[PDB]
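Structure, as structure tokens:
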Amino acid sequence: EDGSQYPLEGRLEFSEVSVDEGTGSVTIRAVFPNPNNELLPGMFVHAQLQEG
Amino acid sequence: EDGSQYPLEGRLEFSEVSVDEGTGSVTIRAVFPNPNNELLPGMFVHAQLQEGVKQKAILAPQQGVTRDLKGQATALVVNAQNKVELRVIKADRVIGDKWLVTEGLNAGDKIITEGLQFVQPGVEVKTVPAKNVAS
Amino acid sequence: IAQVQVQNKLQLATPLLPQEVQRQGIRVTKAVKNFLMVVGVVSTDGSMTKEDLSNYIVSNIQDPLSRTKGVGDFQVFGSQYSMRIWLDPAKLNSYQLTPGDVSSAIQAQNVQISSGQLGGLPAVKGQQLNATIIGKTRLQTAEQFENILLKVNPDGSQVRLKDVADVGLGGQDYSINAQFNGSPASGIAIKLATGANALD
Amino acid sequence: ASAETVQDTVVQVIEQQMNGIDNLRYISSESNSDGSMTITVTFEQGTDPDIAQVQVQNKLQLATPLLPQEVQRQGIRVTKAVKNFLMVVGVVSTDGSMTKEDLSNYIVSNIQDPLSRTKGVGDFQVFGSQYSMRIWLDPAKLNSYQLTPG
Amino acid sequence: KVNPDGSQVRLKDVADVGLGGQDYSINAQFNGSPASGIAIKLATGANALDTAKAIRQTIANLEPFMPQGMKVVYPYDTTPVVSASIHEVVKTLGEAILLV
Amino acid sequence: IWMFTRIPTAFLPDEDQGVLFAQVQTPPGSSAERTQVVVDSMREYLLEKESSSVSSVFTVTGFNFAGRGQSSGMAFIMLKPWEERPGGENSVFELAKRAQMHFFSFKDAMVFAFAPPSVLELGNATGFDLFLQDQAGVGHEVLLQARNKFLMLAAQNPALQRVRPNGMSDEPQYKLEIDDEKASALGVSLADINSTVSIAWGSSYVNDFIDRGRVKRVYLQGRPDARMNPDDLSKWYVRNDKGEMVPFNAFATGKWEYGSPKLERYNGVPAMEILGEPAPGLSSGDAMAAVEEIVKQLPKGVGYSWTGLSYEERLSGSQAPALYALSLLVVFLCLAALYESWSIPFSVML
Amino acid sequence: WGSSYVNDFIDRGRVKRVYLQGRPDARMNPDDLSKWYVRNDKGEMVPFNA
């Protein structure tokens with residue numbers, strides 16, 4: 001949320017194909033290692049991800 | 001809430017590792033002895049924490065450090081040969097009337113604080129102790 | 001004196017008008033019909049329409065000839081640019097939105113906000129720092145306009161102003177449409193200032 | 001507001017119309033960061049200043065709501081200000097018991113408009129201001145009672 | 001805000017209300033002591049001496065209504081140089097005509 | 001003809017008038033008490049060191065002729081009447097130059113002292129004045145670069161004195177960026193954010209009220225302890241849609257920039273103006289010739305524009321030969337009218 | 001359909017305006033006036049020709 005980069009890259013696996021009618025968006029899911037608990041559940045983040 | 005200090009003193013312990021979704025804030029907990037029932041449940045209070053202590057700190061006066069030209073903080077210092085030269089620093093926190101400069105300044109440096117309007121970096125300059133601070 | 005009397009009557013009449021016409025601004029002039037001349041700017045290759053021609057007239061051409069001697073006043077065919085936002089009804093129907101929500105979101109997210117100073121007065125005793133705060137400013141490009149948040153949800157989903165509408169710089173009005181030998185053009189009619197020679 | 005806010009909105013909403021006035025000598029505009037701007041247009045000698053004032057009055061109203069409408073609550077002041085001041089007045093007494101605010105309040109409240117309705121007083125400029133009921137909010141108790149300044 | 005059980009919070013605790021100044025930007029001192037003033041610009045096309053006499057009269061009529069702990073001085077004026085200049089020039093006129 | 005072209009030009013020779021002006025500009029970003037601590041020092045200096053000539057000093061802080069803000073302050077010095085100060089050493093010019101010589105001891109501020117001209121309605125200071133107009137549309141920073149070059153070039157010219165900019169130097173500012181995405185995602189709106197940042201710092205004037213039979217205003221602003229430093233920006237809270245308070249630093253932060261506090265324009269084109277007095281002994285026309293030959297050397301794209309009493313002096317110096325020509329023409333021609341020949345007026349004009 | 005003028009915005013130092021209107025093909029024939037929807041008090045989008 002502070003714009004700082006995260007050191008450890010994660011992995012993506014798809015878990016929701018049902019597009020919400022309120023905003024027209026789907027929810028995709030990824031896992032991340034958290035060895036020394038610097039991440040907390042429930043914080044606003046911006047995940048970068050890959051395409052072709 | 002009236003500003004008066006509580007006379008006793010208590011410790012803390014962490015009890016909520018998850019950040020709230022709506023507020024975006026993390027809550028921690030403390031224990032306080034209340035022998036005379038002066039504190040009531042539901043009272044609004046201000047706790048005062050302690051986030052470490054910088055040992056070899058350095059505090060620049062606010063009159064000597066200025067920002068410039070889409071850049072960071074700068075300060076004019078005189079060298080051993082009395083030639084004024086500018087140095088960039090990374091002061092961000094404000095303590096009283098001082099800046100807590102992290103790097104770019106060392107102890108024993110002579111920072112210019114009075115006479116900036118009549119000087120440019122690279123001028124032979126004589127020095128006199130200034131009158132801007134209480135010390 | 002006649003102009004300032006008519007302008008004073010209209011100026012104390014203008015709170016009787018509705019809001020969306022008094023924010024347009026009434027224009028009171030003394031013009032009868034006569035001009036010194038009229039000079040036009042024509043896009044010969046068809047690269048420009050009338051609107052960007054009139055915008056170039058307003059931006060680049062209006063200041064120096066108004067700075068010339070003997071020029072009283074002038075009027076321009078057409079006007080400058082505007083930020084046209086074309087709404088699409090189907091995507092408003094999809095995202096459950098009305099144009100009033102778009103107008104309120106634009107009015108909330110494109111403003112100038114007076115945010116004061118750090119060491120403003122009356123300062124505390126001993127303050128040595130003072131600087132103006134630059135808060136929210138108005139948006140400038142179309143890309144700043146198209147990222148306006150219309151609605152979000154706490155999981156992070158959002159609807160911006162780039163799918164439900166189409167932003168872009170266009171004309172303030174499209175009623176008048178002139179051309180010069182077929183090729184499009186926009187011009188200015190210039191009168192003479194009172195007490196000036198015409199030839200010079 | 002800052003000087004960049006009043007840089008080319010309120011100055012360049014006026015200065016493009018201010019050219020073409022009769023026997024104009026020069027125009028000089030100025031804008032500050034504490035939220036003020038002043039435009040002085042000046043003409044050659046011989047012309048009476050009232051017809052020049054009404055000419056500027058019928059010219060600047062081409063773009064009078066085109067500036068921000070919130071500062072329209074303060075109003076555009078038009079003045080035949082000359083160059084400088086004639087005299088100043090007003091002082092504390094020897095007994096003390098007055099700050100530098102109540103004197104300015106008494107000047108702008110009791111003696112200001114009787115001074116301004118006299119002959120030949122074309123403009124004034126008072127150091128200080130009147131009383132105003134200042135309400136200093138505390139953010140801690142606003143956080144306590146779940147209230148906003150709005 | 002007031003809850004229906006009688007509980008209330010007013011504008012007494014969350015803020016403090018004081019009859020203060022309106023703009024704290026500019027302030028004036030006279031010989032070190034705090035004061036305040038109003039500089040007057042003369043109107044376009046008006047004589048100076050009669051208007052200065054009118055200013056002195058419109059101060060002198062309402063100075064009894066001022067409090068005991070107040071006073072009025074004139075820290076900056078330009079009419080004595082006009083009076084002295086016209087006095088000097090009528091004096092050199094008289095000296096010149098008697099000398100001729 | 002050689003004695004005529006040897007004489008320097010001027011306009012309206014200086015008179016005393018018993019008044020003096022002084023103005024201070026502390027370095028940019030300085031607070032009001034830093035300006036107060038120099039204006040009271042120069043005030044007490046003028047009071048006890050120059051008791052022979054001054055009568056009273058009246059200083060104001062917050063406003064001067066070069067601008068307004070916290071880093072500015074002026075002082076009107078009303079001197080003694082004339083016969084109470086005999087001798088040329090008690091004139092305003094001698095006192096002005098000796099007070100200006102003393103004022104370089106004040107290392108804190110750039111204090112200047114001057115006198116108004118002989119007429120009070122044509123400006124409020126003597127000397128020249130000129131604008132550095134950017135006719136080619138070049139940037140703002142190259143104009144102030146040219147102004148600084150002009151100042152350092154005129155400082156080493158032994159023809160001018162008290163050459164000062166009538167604007168003010170640039171100043172560090174604090175941009176406050178607000179992540180509206182995270183702020184809206186937390187539940188709070190944006191209009192309440194704008195309102196609380198325009199009220200808690202901007203001092204919103206809300207309505208009117210009556211006091212002693214007079215209508216006065218009522219304002220709203222946070223307490224002075226709550227707005228002094230950038231981290232005090234974190235001390236303010238907004239209520240979201242769910243009803244809880246979220247702090248201001250949960251979605252917003254700050255940055256330092258550099259902007260000018262006062263900007264002016266001359267004839268629709270930007271400019272910065274410079275004032276200055278001539279050095280003692282010589283006139284003002286050769287001082288204008290000196291600033292002419294020093295404005296020949298300048299960055300390209302900008303020009304100089306005369307203004308005020310300098311512009312009036314230039315027009316008065318320009319319109320003189322036609323005056324002389326028409327004058328002696330009409331006296332020759334009416335003298336031939338009265339004396340009935342051409343030969344004796346043609347001989348007597350010689 | 002009426003091109004509501006919202007507020008102003010800065011463009012290269014000049015203060016232009018911003019307007020609001022539908023797409024052109026959304027307003028060309030009378031049956032196109034049925035293409036516009038309005039939210040009711042419960043949150044549904046009522047069509048116009050209803």
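Residue numbering restarts at 1 in every chain; chains get A, B, ... in the order shown in the structure tokens, and ligands count up from 1 in that same order.
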Within 10 Å of chain D, which residues of chain C show up? Give each one with its shortest atom-to-atom distance in Å (one decimal) and the two atoms involved, counting only C-alpha atoms, rows by chain then rising residue number, as a tab-separated table.
```
residue	atom	partner	partner_atom	distance
C:1	CA	D:54	CA	7.5
C:2	CA	D:58	CA	9.9
C:3	CA	D:58	CA	6.7
C:4	CA	D:58	CA	5.5
C:5	CA	D:58	CA	9.1
C:6	CA	D:58	CA	9.5
C:7	CA	D:58	CA	7.0
C:8	CA	D:58	CA	9.0
C:11	CA	D:61	CA	9.2
C:22	CA	D:65	CA	7.8
C:23	CA	D:65	CA	6.3
C:24	CA	D:65	CA	7.7
C:25	CA	D:65	CA	6.0
C:26	CA	D:62	CA	7.4
C:27	CA	D:62	CA	5.6
C:28	CA	D:62	CA	7.0
C:29	CA	D:62	CA	8.5
C:30	CA	D:58	CA	9.7
C:62	CA	D:16	CA	8.1
C:63	CA	D:16	CA	6.7
C:64	CA	D:16	CA	9.9
C:65	CA	D:19	CA	9.7
C:66	CA	D:19	CA	6.1
C:67	CA	D:19	CA	6.5
C:68	CA	D:20	CA	8.6
C:69	CA	D:20	CA	8.1
C:70	CA	D:20	CA	7.5
C:71	CA	D:20	CA	6.0
C:72	CA	D:20	CA	4.7
C:73	CA	D:20	CA	6.5
C:74	CA	D:20	CA	9.9
C:112	CA	D:5	CA	7.8
C:113	CA	D:1	CA	7.3
C:114	CA	D:1	CA	4.5
C:115	CA	D:1	CA	6.8
C:116	CA	D:1	CA	6.7
C:117	CA	D:34	CA	9.0
C:131	CA	D:33	CA	9.9
C:132	CA	D:2	CA	6.9
C:133	CA	D:2	CA	8.0
C:134	CA	D:2	CA	7.3
C:135	CA	D:1	CA	9.2
C:137	CA	D:5	CA	8.2
C:138	CA	D:5	CA	9.6
C:192	CA	D:20	CA	9.4
C:193	CA	D:20	CA	6.8
C:194	CA	D:22	CA	7.2
C:195	CA	D:22	CA	8.2
C:196	CA	D:22	CA	9.9
```
Legend entry - Distance query residue 83 in chain E at most 12 Å, only C-alpha atoms, self and fewer than 4 positions along chain excluded, as a PyMOL selection string: (chain E and resi 48-50+52+77-79+87-90) or (chain F and resi 17+81)
Inset, instruction - Find the residues around range 89-92 of chain B up to 12 Å (only C-alpha atoms counted), leave out those fewer than 5 positions away in its own chain, and share them as a ChimeraX atom specification. - result: /B:57-62,64-68,71-77,98-106 /F:229-231,254-256
Those same residues, written as a CSV table (one decimal), in the first residue's frame with N, CA, C and O atoms?
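Done, and the output landed in selection_10.csv:
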```csv
chain,number,residue,atom,x,y,z
B,57,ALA,N,22.3,10.4,16.8
B,57,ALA,CA,21.4,11.2,16.1
B,57,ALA,C,22.1,12.5,15.7
B,57,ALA,O,23.2,12.9,16.2
B,58,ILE,N,21.5,13.3,14.8
B,58,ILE,CA,22.0,14.6,14.4
B,58,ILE,C,20.8,15.5,14.1
B,58,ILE,O,19.9,15.1,13.3
B,59,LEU,N,20.7,16.7,14.7
B,59,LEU,CA,19.5,17.5,14.5
B,59,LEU,C,20.0,18.8,13.9
B,59,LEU,O,20.7,19.6,14.5
B,60,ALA,N,19.5,19.1,12.7
B,60,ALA,CA,19.8,20.3,12.0
B,60,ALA,C,18.8,21.4,12.4
B,60,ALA,O,17.6,21.1,12.6
B,61,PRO,N,19.2,22.7,12.5
B,61,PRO,CA,18.2,23.7,12.6
B,61,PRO,C,17.4,24.0,11.4
B,61,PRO,O,17.9,23.8,10.3
B,62,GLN,N,16.2,24.4,11.5
B,62,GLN,CA,15.3,24.5,10.3
B,62,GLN,C,15.7,25.7,9.5
B,62,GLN,O,15.3,25.8,8.3
B,64,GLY,N,18.6,26.4,8.5
B,64,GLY,CA,19.8,26.1,7.7
B,64,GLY,C,19.6,25.2,6.5
B,64,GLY,O,20.5,25.1,5.6
B,65,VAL,N,18.5,24.5,6.5
B,65,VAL,CA,18.2,23.5,5.5
B,65,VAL,C,16.9,23.9,4.7
B,65,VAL,O,15.9,24.2,5.3
B,66,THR,N,17.1,23.9,3.4
B,66,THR,CA,15.9,24.3,2.5
B,66,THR,C,15.9,23.3,1.3
B,66,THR,O,16.9,22.8,0.9
B,67,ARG,N,14.7,23.2,0.8
B,67,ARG,CA,14.5,22.4,-0.4
B,67,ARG,C,14.7,23.3,-1.6
B,67,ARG,O,14.7,24.5,-1.6
B,68,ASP,N,15.0,22.7,-2.8
B,68,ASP,CA,15.2,23.4,-4.0
B,68,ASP,C,15.0,22.5,-5.2
B,68,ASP,O,15.5,21.4,-5.2
B,71,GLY,N,13.9,18.8,-6.0
B,71,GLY,CA,15.0,17.9,-5.4
B,71,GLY,C,14.7,17.8,-3.9
B,71,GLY,O,13.7,18.1,-3.4
B,72,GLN,N,15.8,17.3,-3.3
B,72,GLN,CA,15.7,16.9,-1.9
B,72,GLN,C,16.2,18.2,-1.1
B,72,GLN,O,16.4,19.3,-1.6
B,73,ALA,N,16.4,18.0,0.2
B,73,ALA,CA,16.8,19.1,1.1
B,73,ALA,C,18.3,19.3,0.9
B,73,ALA,O,19.1,18.4,0.7
B,74,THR,N,18.7,20.6,0.9
B,74,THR,CA,20.1,21.0,0.8
B,74,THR,C,20.4,21.9,2.0
B,74,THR,O,19.6,22.5,2.6
B,75,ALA,N,21.7,21.9,2.3
B,75,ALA,CA,22.3,22.8,3.3
B,75,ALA,C,23.7,23.3,2.9
B,75,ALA,O,24.4,22.5,2.3
B,76,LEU,N,23.9,24.5,3.2
B,76,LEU,CA,25.2,25.1,2.9
B,76,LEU,C,26.1,24.9,4.1
B,76,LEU,O,25.8,25.3,5.2
B,77,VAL,N,27.3,24.4,3.9
B,77,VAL,CA,28.3,24.2,4.9
B,77,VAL,C,29.7,24.8,4.5
B,77,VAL,O,29.9,24.8,3.3
B,98,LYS,N,13.8,21.3,14.9
B,98,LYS,CA,14.9,20.8,14.2
B,98,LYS,C,14.5,19.7,13.2
B,98,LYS,O,13.3,19.2,13.3
B,99,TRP,N,15.3,19.5,12.2
B,99,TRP,CA,15.2,18.3,11.3
B,99,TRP,C,16.0,17.2,11.8
B,99,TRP,O,17.2,17.4,12.1
B,100,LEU,N,15.5,16.0,11.7
B,100,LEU,CA,16.2,14.8,12.0
B,100,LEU,C,16.8,14.3,10.6
B,100,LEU,O,16.2,13.5,9.9
B,101,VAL,N,18.0,14.8,10.3
B,101,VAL,CA,18.7,14.4,9.1
B,101,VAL,C,19.3,13.1,9.3
B,101,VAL,O,20.0,12.8,10.3
B,102,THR,N,19.0,12.2,8.4
B,102,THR,CA,19.5,10.8,8.5
B,102,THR,C,21.0,10.7,8.0
B,102,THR,O,21.9,10.4,8.7
B,103,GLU,N,21.2,11.0,6.7
B,103,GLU,CA,22.6,11.0,6.2
B,103,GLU,C,22.8,12.3,5.4
B,103,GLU,O,21.9,13.0,5.1
B,104,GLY,N,24.1,12.5,5.1
B,104,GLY,CA,24.5,13.7,4.5
B,104,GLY,C,25.0,14.8,5.4
B,104,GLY,O,25.4,15.9,4.9
B,105,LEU,N,25.0,14.6,6.7
B,105,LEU,CA,25.6,15.5,7.7
B,105,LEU,C,26.2,14.7,8.8
B,105,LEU,O,25.8,13.7,9.2
B,106,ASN,N,27.3,15.3,9.3
B,106,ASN,CA,28.1,14.6,10.3
B,106,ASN,C,28.4,15.6,11.5
B,106,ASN,O,28.1,16.8,11.3
F,229,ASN,N,3.2,21.1,11.2
F,229,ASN,CA,4.3,20.3,10.6
F,229,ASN,C,3.5,19.3,9.7
F,229,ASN,O,2.3,19.1,9.8
F,230,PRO,N,4.2,18.6,8.7
F,230,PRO,CA,3.5,17.7,7.9
F,230,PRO,C,2.9,16.5,8.6
F,230,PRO,O,1.9,16.0,8.2
F,231,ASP,N,3.6,16.0,9.7
F,231,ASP,CA,3.0,14.8,10.4
F,231,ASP,C,1.8,15.2,11.1
F,231,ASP,O,1.0,14.3,11.5
F,254,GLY,N,2.7,13.2,1.3
F,254,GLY,CA,3.2,14.5,0.9
F,254,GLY,C,4.6,14.4,0.2
F,254,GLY,O,5.2,13.4,0.2
F,255,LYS,N,4.9,15.6,-0.4
F,255,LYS,CA,6.2,15.7,-1.2
F,255,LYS,C,6.6,17.2,-1.2
F,255,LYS,O,5.7,18.0,-1.0
F,256,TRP,N,7.8,17.4,-1.4
F,256,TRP,CA,8.4,18.8,-1.4
F,256,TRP,C,8.7,19.2,-2.8
F,256,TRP,O,9.3,18.5,-3.6
```
Legend entry - Who sits within 12 Å of residue 142 in chain D, only C-alpha atoms, same chain under 6 positions skipped, as an MDAnalysis selection string: (chainID B and resid 1 44) or (chainID D and resid 136 148:150) or (chainID E and resid 9:15) or (chainID F and resid 196 200 222:223 235:239 244:247)
Legend entry - Surrounding residues of residue 44 in chain G excluding itself and chain neighbours under 6 positions, 12 Å, only C-alpha atoms, as a list in words: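 The residues satisfying every condition are residues 22 of chain A; 92, 93, 94, 95, 96, 97 and 98 of chain C; 37 and 38 of chain G.
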Please write the residues from the selection above to a file, keeping N, CA and C atoms, as an mmCIF file, in the first residue's frame.
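Just written: selection-v2.cif:
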```
data_model
loop_
_atom_site.group_PDB
_atom_site.id
_atom_site.type_symbol
_atom_site.label_atom_id
_atom_site.label_comp_id
_atom_site.auth_asym_id
_atom_site.auth_seq_id
_atom_site.Cartn_x
_atom_site.Cartn_y
_atom_site.Cartn_z
ATOM 1 N N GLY A 22 -22.292 -6.184 -10.300
ATOM 2 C CA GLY A 22 -22.224 -4.816 -9.823
ATOM 3 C C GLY A 22 -21.156 -3.990 -10.500
ATOM 4 N N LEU C 92 -23.955 2.342 -19.060
ATOM 5 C CA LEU C 92 -24.603 2.894 -17.877
ATOM 6 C C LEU C 92 -25.670 1.944 -17.356
ATOM 7 N N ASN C 93 -26.377 1.278 -18.270
ATOM 8 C CA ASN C 93 -27.355 0.274 -17.869
ATOM 9 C C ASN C 93 -26.669 -0.947 -17.274
ATOM 10 N N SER C 94 -25.491 -1.289 -17.789
ATOM 11 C CA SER C 94 -24.767 -2.449 -17.289
ATOM 12 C C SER C 94 -24.198 -2.205 -15.900
ATOM 13 N N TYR C 95 -23.639 -1.025 -15.658
ATOM 14 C CA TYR C 95 -22.993 -0.730 -14.390
ATOM 15 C C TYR C 95 -23.937 -0.104 -13.376
ATOM 16 N N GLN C 96 -25.237 -0.037 -13.694
ATOM 17 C CA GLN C 96 -26.288 0.521 -12.830
ATOM 18 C C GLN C 96 -25.993 1.967 -12.441
ATOM 19 N N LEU C 97 -25.764 2.803 -13.446
ATOM 20 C CA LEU C 97 -25.375 4.183 -13.222
ATOM 21 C C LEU C 97 -26.238 5.118 -14.053
ATOM 22 N N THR C 98 -26.467 6.308 -13.512
ATOM 23 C CA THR C 98 -27.188 7.390 -14.154
ATOM 24 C C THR C 98 -26.207 8.517 -14.465
ATOM 25 N N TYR G 37 -31.829 4.668 -19.574
ATOM 26 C CA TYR G 37 -32.342 4.012 -18.385
ATOM 27 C C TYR G 37 -32.159 4.921 -17.183
ATOM 28 N N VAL G 38 -33.002 4.726 -16.178
ATOM 29 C CA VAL G 38 -32.952 5.537 -14.969
ATOM 30 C C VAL G 38 -33.130 4.626 -13.759
#
```
Give me the chain E side of the contact with chain D, cut-off 9 Å, one line per residue showing its nearest atom pair and distance in Å at one decimal, counting only C-alpha atoms, sorted by chain and residue number, as JSON lines.
```
{"residue": "E:9", "atom": "CA", "partner": "D:145", "partner_atom": "CA", "distance": 8.1}
{"residue": "E:13", "atom": "CA", "partner": "D:141", "partner_atom": "CA", "distance": 7.7}
{"residue": "E:14", "atom": "CA", "partner": "D:141", "partner_atom": "CA", "distance": 5.1}
{"residue": "E:15", "atom": "CA", "partner": "D:137", "partner_atom": "CA", "distance": 4.3}
{"residue": "E:16", "atom": "CA", "partner": "D:136", "partner_atom": "CA", "distance": 5.4}
{"residue": "E:17", "atom": "CA", "partner": "D:135", "partner_atom": "CA", "distance": 4.5}
{"residue": "E:18", "atom": "CA", "partner": "D:134", "partner_atom": "CA", "distance": 5.4}
{"residue": "E:19", "atom": "CA", "partner": "D:133", "partner_atom": "CA", "distance": 4.5}
{"residue": "E:20", "atom": "CA", "partner": "D:132", "partner_atom": "CA", "distance": 5.5}
{"residue": "E:21", "atom": "CA", "partner": "D:131", "partner_atom": "CA", "distance": 4.8}
{"residue": "E:22", "atom": "CA", "partner": "D:132", "partner_atom": "CA", "distance": 5.1}
{"residue": "E:23", "atom": "CA", "partner": "D:129", "partner_atom": "CA", "distance": 5.9}
{"residue": "E:24", "atom": "CA", "partner": "D:128", "partner_atom": "CA", "distance": 6.9}
{"residue": "E:25", "atom": "CA", "partner": "D:128", "partner_atom": "CA", "distance": 7.5}
{"residue": "E:26", "atom": "CA", "partner": "D:128", "partner_atom": "CA", "distance": 5.7}
{"residue": "E:27", "atom": "CA", "partner": "D:128", "partner_atom": "CA", "distance": 5.6}
{"residue": "E:28", "atom": "CA", "partner": "D:127", "partner_atom": "CA", "distance": 6.6}
{"residue": "E:29", "atom": "CA", "partner": "D:100", "partner_atom": "CA", "distance": 8.4}
{"residue": "E:30", "atom": "CA", "partner": "D:91", "partner_atom": "CA", "distance": 7.3}
{"residue": "E:33", "atom": "CA", "partner": "D:92", "partner_atom": "CA", "distance": 7.7}
{"residue": "E:34", "atom": "CA", "partner": "D:100", "partner_atom": "CA", "distance": 5.4}
{"residue": "E:35", "atom": "CA", "partner": "D:91", "partner_atom": "CA", "distance": 4.8}
{"residue": "E:36", "atom": "CA", "partner": "D:104", "partner_atom": "CA", "distance": 5.2}
{"residue": "E:37", "atom": "CA", "partner": "D:90", "partner_atom": "CA", "distance": 4.8}
{"residue": "E:38", "atom": "CA", "partner": "D:126", "partner_atom": "CA", "distance": 4.0}
{"residue": "E:39", "atom": "CA", "partner": "D:88", "partner_atom": "CA", "distance": 4.4}
{"residue": "E:40", "atom": "CA", "partner": "D:124", "partner_atom": "CA", "distance": 4.4}
{"residue": "E:41", "atom": "CA", "partner": "D:85", "partner_atom": "CA", "distance": 4.6}
{"residue": "E:42", "atom": "CA", "partner": "D:121", "partner_atom": "CA", "distance": 5.0}
{"residue": "E:43", "atom": "CA", "partner": "D:122", "partner_atom": "CA", "distance": 3.7}
{"residue": "E:44", "atom": "CA", "partner": "D:82", "partner_atom": "CA", "distance": 6.6}
{"residue": "E:45", "atom": "CA", "partner": "D:120", "partner_atom": "CA", "distance": 8.2}
{"residue": "E:46", "atom": "CA", "partner": "D:120", "partner_atom": "CA", "distance": 5.6}
{"residue": "E:47", "atom": "CA", "partner": "D:120", "partner_atom": "CA", "distance": 7.4}
{"residue": "E:48", "atom": "CA", "partner": "D:120", "partner_atom": "CA", "distance": 8.0}
{"residue": "E:50", "atom": "CA", "partner": "D:119", "partner_atom": "CA", "distance": 8.5}
{"residue": "E:51", "atom": "CA", "partner": "D:120", "partner_atom": "CA", "distance": 5.9}
{"residue": "E:52", "atom": "CA", "partner": "D:87", "partner_atom": "CA", "distance": 8.5}
{"residue": "E:54", "atom": "CA", "partner": "D:118", "partner_atom": "CA", "distance": 6.9}
{"residue": "E:55", "atom": "CA", "partner": "D:115", "partner_atom": "CA", "distance": 6.6}
{"residue": "E:58", "atom": "CA", "partner": "D:115", "partner_atom": "CA", "distance": 6.7}
{"residue": "E:59", "atom": "CA", "partner": "D:111", "partner_atom": "CA", "distance": 7.8}
{"residue": "E:62", "atom": "CA", "partner": "D:111", "partner_atom": "CA", "distance": 8.1}
{"residue": "E:66", "atom": "CA", "partner": "D:110", "partner_atom": "CA", "distance": 8.9}
{"residue": "E:68", "atom": "CA", "partner": "D:93", "partner_atom": "CA", "distance": 8.3}
{"residue": "E:69", "atom": "CA", "partner": "D:93", "partner_atom": "CA", "distance": 5.5}
{"residue": "E:70", "atom": "CA", "partner": "D:93", "partner_atom": "CA", "distance": 4.5}
{"residue": "E:71", "atom": "CA", "partner": "D:93", "partner_atom": "CA", "distance": 4.9}
{"residue": "E:72", "atom": "CA", "partner": "D:90", "partner_atom": "CA", "distance": 4.7}
{"residue": "E:73", "atom": "CA", "partner": "D:90", "partner_atom": "CA", "distance": 5.8}
{"residue": "E:74", "atom": "CA", "partner": "D:89", "partner_atom": "CA", "distance": 4.8}
{"residue": "E:75", "atom": "CA", "partner": "D:88", "partner_atom": "CA", "distance": 6.1}
{"residue": "E:76", "atom": "CA", "partner": "D:87", "partner_atom": "CA", "distance": 5.3}
{"residue": "E:77", "atom": "CA", "partner": "D:87", "partner_atom": "CA", "distance": 4.4}
{"residue": "E:78", "atom": "CA", "partner": "D:86", "partner_atom": "CA", "distance": 6.3}
{"residue": "E:79", "atom": "CA", "partner": "D:86", "partner_atom": "CA", "distance": 8.2}
```
